[PDB]
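Readers should treat all values here as calculations from the given coordinates under stated rules, not as data from a laboratory. All Cβ positions, even for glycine, are placed from backbone atoms using ideal geometry, and neighbour counts span all protein chains on display.
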Amino acid sequence: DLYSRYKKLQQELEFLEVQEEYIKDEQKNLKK
Amino acid sequence: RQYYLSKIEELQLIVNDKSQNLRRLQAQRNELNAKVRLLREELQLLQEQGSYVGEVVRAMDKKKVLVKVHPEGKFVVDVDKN
């Protein structure tokens, strides 16, 4: 319960950070 | 108990703002994509040649028109489906 929620929250943070980096790279590519 | 709750709350708020930022960034990306695509279609539609301009003498068929292209002359042309 608590540990599962905490672990999924870390996973979803890491996933969202990956999406942020990917979107920033796509923004630079689209500007080019 | 309280360790898990505190960690979960910190992660909840941080990932909530992360998700809002991600939605904003994706909206901006889609706007840039729209701009780039519009420019690309403008280029493509500019590469096609200009079409001739001619007056219609009369319609001959349900699919053929007797036009007069200046200065080439008169043509029996076919009609587009639109």
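Numbers below:
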item	result
Where a residue in the stretch B:28-48 is within 12 Å of chain A (Cβ to nearest Cβ) and its partner, wherever it lies, is loosely packed, with under 12 Cβ neighbours inside 10 Å, with Cβ under 8 Å and at least six apart	B:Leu32/A:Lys31
Every residue from the stretch B:1-27 that is of a type outside the set (A, V, I, L, M), under 37 Å from the mean Cα position of the chain (by Cα) and within 9 Å of chain A (Cβ to nearest Cβ)	B:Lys18, B:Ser19, B:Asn21, B:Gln26
Subset of the stretch A:1-16 (residues that are charged (D, E, K, R) and part of a helix (DSSP H, G or I))	A:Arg5, A:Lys7, A:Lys8, A:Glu12, A:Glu14
Flag for B:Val69 being surrounded by 10 or more Cβ atoms within 10 Å (Cβ to Cβ) and farther than 30 Å from A:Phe15 by Cβ	yes
Residue satisfying all of: in the stretch A:17-32; of a type in the set (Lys, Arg) and either closer than 17 Å to B:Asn16 by Cα or part of a helix (DSSP H, G or I) (or both); farthest from the other protein chains (Cβ to nearest Cβ) among these	A:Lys28
Test result for B:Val65, in a helix (DSSP H, G or I), touching an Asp or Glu at 6+ places or on another chain (Cβ under 9 Å) and at negative phi	no
Residue within the stretch B:3-14 that is assigned to a helix (DSSP H, G or I), surrounded by 12 or more Cβ atoms within 10 Å (Cβ to Cβ), β-branched (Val, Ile, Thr) and at negative phi present	yes
Checklist (1) outside any loop (DSSP other than H, G, I, E, B); (2) surrounded by 11 or more Cβ atoms within 10 Å (Cβ to Cβ) applied to B:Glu42, failing item	(2)
